[PDB]
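So you can see what is in the structure, the chains are spelled out below.
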Amino acid sequence: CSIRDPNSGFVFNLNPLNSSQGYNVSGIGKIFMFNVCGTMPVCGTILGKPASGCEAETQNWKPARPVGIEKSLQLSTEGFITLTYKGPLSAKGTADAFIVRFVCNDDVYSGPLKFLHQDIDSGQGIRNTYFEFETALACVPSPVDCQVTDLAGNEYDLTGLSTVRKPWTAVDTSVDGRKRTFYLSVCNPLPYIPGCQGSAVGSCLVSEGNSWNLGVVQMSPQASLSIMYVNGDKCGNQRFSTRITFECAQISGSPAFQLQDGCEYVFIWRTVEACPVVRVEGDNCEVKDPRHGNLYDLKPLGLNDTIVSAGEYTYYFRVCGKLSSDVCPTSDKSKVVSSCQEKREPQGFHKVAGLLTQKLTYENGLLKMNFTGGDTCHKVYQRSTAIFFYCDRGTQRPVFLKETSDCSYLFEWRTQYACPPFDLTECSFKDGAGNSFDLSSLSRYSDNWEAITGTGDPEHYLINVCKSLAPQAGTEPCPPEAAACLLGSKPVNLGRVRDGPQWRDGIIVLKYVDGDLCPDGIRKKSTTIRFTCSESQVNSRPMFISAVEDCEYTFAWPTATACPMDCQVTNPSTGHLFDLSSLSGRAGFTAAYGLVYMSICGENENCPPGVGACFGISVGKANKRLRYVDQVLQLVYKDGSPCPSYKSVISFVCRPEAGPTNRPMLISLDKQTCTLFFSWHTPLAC
Ligand SMILES: *[C@@H]1O[C@H](CO)[C@@H](O[C@@H]2O[C@H](CO)[C@@H](O[C@@H]3O[C@H](CO)[C@@H](O)[C@H](O[C@H]4O[C@H](CO)[C@@H](O)[C@H](O)[C@@H]4O[C@H]4O[C@H](CO)[C@@H](O)[C@H](O)[C@@H]4O[C@H]4O[C@H](CO)[C@@H](O)[C@H](O)[C@@H]4O)[C@@H]3O)[C@H](O)[C@H]2NC(C)=O)[C@H](O)[C@H]1NC(C)=O
Ligand SMILES: *[C@@H]1O[C@H](CO)[C@@H](O)[C@H](O)[C@H]1NC(C)=O
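Our subject in this report is the structure included herewith. (Residues numbered from 1 in each chain as written, not as in the entry; some residues may be left out. Chains lettered and ligands numbered in written order. Heavy atoms only, no water.)

## Section: the site of ligand 1
- Around ligand 1, the surrounding shell consists of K368, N370, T372, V380, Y381, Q382, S384, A386, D406 and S408.
- A distance of 3.4 Å separates an oxygen atom of ligand 1 from a polar side-chain atom of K368.
- Protein contact buries 29% of the 1,200 Å² of open area that ligand 1 shows by itself.
- For the shell around ligand 1, the secondary-structure elements that each account for two or more residues are β31 (366–371), β33 (381–382) and β34 (384–390). (Near = heavy atom within 4 Å. Polar contact = N/O pair within 3.5 Å; in protein donor to acceptor, adjacent residues only side chain to side chain. Areas by Shrake-Rupley, 256 points an atom, 1.4 Å probe, with all protein chains shown as cover. Helix = DSSP H or I, 4+ residues; strand = E, 2+ residues; numbered from the N terminus.)

Below, the structure written as structure tokens:
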């Protein structure tokens, strides 16, 4: 059922509206039903044909005025889209008609079908009936409002995704061969891409110098969140479509190509923009958290003037208070200075950077302060000072970020004062052998770990290491005491922090306890994290393993962190262990000069005992601290004879074949530091 707008040049398709339940509405004491670009087998059979529309009176097996033998679709005088189902020639040479108009609504897809009126010419036996059908398919390809509300009343905004300077893209290749780059836009047309322009192209595939428009910017986002772009260029008998499913997540994600269902390309987009927008203003330097319920109080940060240095300038500000420092002098009028830029001489001056304010704003889990009303910059702008507060264990000094185009001076401050109540545990332990383990690097204060489960899993798992969870984005927050959490019906506490990690039956176990009540109503849920040493897993995530009787939850985590902290050293990136013990020995070797005697990993029989190298005079004591640096193995022999302290740096370099003269060579003598630099090309370094 497809037509062209002469004003627009767009190809409209109502194809997607073929449905099976069809569409059914009341009026004039009877119910009118039909389907679109499809049949309505209920009340069918005009001749032997299945009928597109019907009529009946009810509340009914019996149909009436079956219609759909002559189907017609066209633009009227307005340039508005009309579909006519004419039925059979009853009498007097005229057929019963259904006339249905398609009216643009960006916000809905198969939007309310309302009966309008019917014209009754009894004289000519034509009972002609008139309908309106709201759809986004009627809308000409144009940019869309990118703000959404769900039925629960949570507001979102995906404008973040559309405002980017770069075009979002998902690359995807097959087992061998196929290589393609998906361009996605949100609510706005794609940026200029060679081969993809059309009218309002939302998703585009480029492969082998062929571009495909896989959906036009048509319908607004729907509520988790979804967008569909439809009416892309021909795919056999159909036209291409793209579905993007948004999911609320800690990261600023990219859209990831998931699968292809006929002519529809489906993507999953895990991003922070998809998270319910909730924002709150406070005064008296305090603000209440809408999710947890706790009160942030930043008054403690204002008990002294805060000084931050930048390049040549130096910034003074007092949190929620008047500056005490003898700079930017201004008491005149009703202006209380809270922020000052001082450019130190030369060509230095003092500029007021912000006035007193005790307003603390909370915007989607960030705390902000803006000191306004400063000295004029760029004729029209008043200098302002913004501080962004993030949760952290200790309240460290703020750091200068940048000056905006409107002379807003931006500061980040990670401080515990921005952190809800939170439990903490010692995260280093030792095994039976005395090897050191420290998982403290996996403790996250601003975010949490998202567990890896199955790809369709309706539930997500949040975990932190050796502490209770950081605050989470959304309006369904976990109980504050939880260190692990389940996110179905309600947020489920899976366990609180009690003890640190322990070597239990030859594996690293972290146990959280006293979560929500188990279904039997006598026990409380507990979580076990089983850590397994894996050098390659450097950014790894915990994999959810099992949930026994909705009571015992178990995760596994292969990670490089869980690994223990003899002339051998490990490549920190690959894990290949280089052993230089096979070269050691009191016997040792000589390097060209006069000569130089030296032994590695051990002492030499020509020098004083305990000295690694000498000539004749000690040039360094033997030692065992081997470093891997820049694909080279390195020893430093220090504390030698007096420098007219002599020292020897020995560097081992990869050589796939053992050369005809495979002995170390003195490559430098630094006279300013009395340092002897040796290089040795040996197959042992590969
Ligand atoms: C801490 O608090 C202070 C106080 O709240 C905040 O500082 C303020 O920042 C405001 C920006 O939101 C700024 O308002 C601006 O007033 C200027 C005066 O010239 C006005 O030009 C700005 O107007 C822009 O937008 C309006 C409405 O759309 C337009 O009518 C106007 O022509 C300007 O349009 C352009 O810039 C917009 C963004 O600024 C663009 O969206 C828009 O596309 C358009 O771009 C064109 O012109 C731009 C140059 O102006 C150019 O970059 C672009 O290429 C195009 O050529 C706006 O009303 C306040 O002036 C400022 N406070 C003071 C004292 O001046 C500060 O943000 C706070 N810090 C934090 C953390 O928020
Ligand atoms: C309409 O959809 C029905 C059922 O959903 C399917 O059997 C049929 O092939 C579709 N027909 C057209 C005209 O697209």
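Once you've had a look at it, read on.
## Points about the side chain of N231
- With respect to the element layout, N231 can be found in the loop between β17 (225–229) and β18 (234–235).
- Residue class for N231 comes out buried when judged on its relative accessible area of 2%.
- One polar contact links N231 to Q218, side chain to side chain, over a distance of 3.4 Å.
- Ignoring sequence-local partners within four residues, the contact set of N231 consists of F10, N13, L137, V216, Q218, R239 and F240. (Buried < 20%, exposed > 50% of the residue type's maximum accessible area, 1.4 Å probe, protein only. Contact = heavy atoms within 4.5 Å.)

## What to know about a nonpolar patch on the surface
- Nonpolar side chains collect at one region of the surface, where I452, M543 and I545 lie side by side and expose about 230 Å² of accessible area between them.
- For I545, the location among the structural elements is in strand β46 (residues 543–548). (Patch = residues over 30% accessible without salt bridge, like charges linked within 9 Å, V, L, I, M, F, W, Y side chains within 5 Å. Salt bridge = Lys/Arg side-chain N within 4 Å of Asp/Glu carboxyl O.)

## Looking at empty space enclosed by the protein
- Looking at the largest cavity, its volume works out to about 60 Å³.
- If you trace the largest cavity, you find it lined by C427, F429, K430, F437, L439, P501, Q502, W503 and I508.
- At the level of secondary structure, the elements contributing two or more residues to the lining of the largest cavity comprise β37 (428–430) and β43 (502–504).
- Partitioned by chemical class, the residues of the lining of the largest cavity number seven nonpolar, one polar and one charged.
- As for the second largest cavity, its lining consists of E55, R65, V67, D96, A97, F98, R127 and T129.
- Elements with a minimum of two residues in the lining of the second largest cavity: β8 (94–104) and β10 (126–135).
- Considering every element that reaches the lining of the second largest cavity, the biggest residue donor is β8, with three residues.
- Residues that form the lining of the second largest cavity fall into these classes: three nonpolar, one polar and four charged. (1 Å grid on protein atoms, 1.4 Å probe; cavity = no way out; pocket = protein on both sides within 12 Å on 5 of 7 lines; lining within 4 Å. Points joined across faces, edges and corners; volume = space filled by probe spheres on them. Nonpolar A, V, L, I, M, F, W, Y, C, P; charged D, E, K, R; others polar.)

## Let's talk about the pairing of strand β9 (residues 110–121)
- Summarising the sheet, β9 and β10 pair through nine bridges and their orientation is antiparallel. The residue of β10 that forms the bridge with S110 is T135. (Pairing = 2+ DSSP bridges.)

## Re the sheet that holds strand β21 (residues 256–261)
- Judged by pairing direction, the sheet is mixed, and its four strands sit side by side in the order β17-β20-β22-β21 without closing on themselves. Every other strand in the sheet has two partners, leaving β17 and β21 as the edge strands with one partner each. Pairs of neighbouring strands in the sheet enclose a mean axial angle of 20°, with direction left out of account.
- When β21 meets strand β22 (residues 264–271), the two strands line up antiparallel, connected through five bridges. Across the sheet, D261 pairs through a bridge with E264, a residue of β22. (Axes fitted to C-alpha atoms, helices over the stretch in contact; angles between N-to-C directions.)

## Describing the environment of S252
- Checked against the element boundaries, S252 lands in the loop between β20 (241–248) and β21.
- Once you skip the residues sitting within four places of it in the chain, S252 turns out to touch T271, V272 and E273.

## Things to note about the nonpolar core
- Among the nonpolar cores identified, the biggest contains 29 residues, and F182, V186, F246, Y265 and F267 are the most heavily contacted of them.
- Taken together, the elements giving at least two residues each to this core come down to β13 (168–173), β14 (179–184), β17, β20 and β22.
- Apart from the residues within four sequence positions on either side, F182 is in contact with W168, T169, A170, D172, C204, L205, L214, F257, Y265 and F267.
- Counting 27 residues, the second largest nonpolar core, distinct from the first, contains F32, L83, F102 and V216. (Core = buried A, V, L, I, M, F, W, Y, C linked by side-chain atoms within 4.5 Å.)

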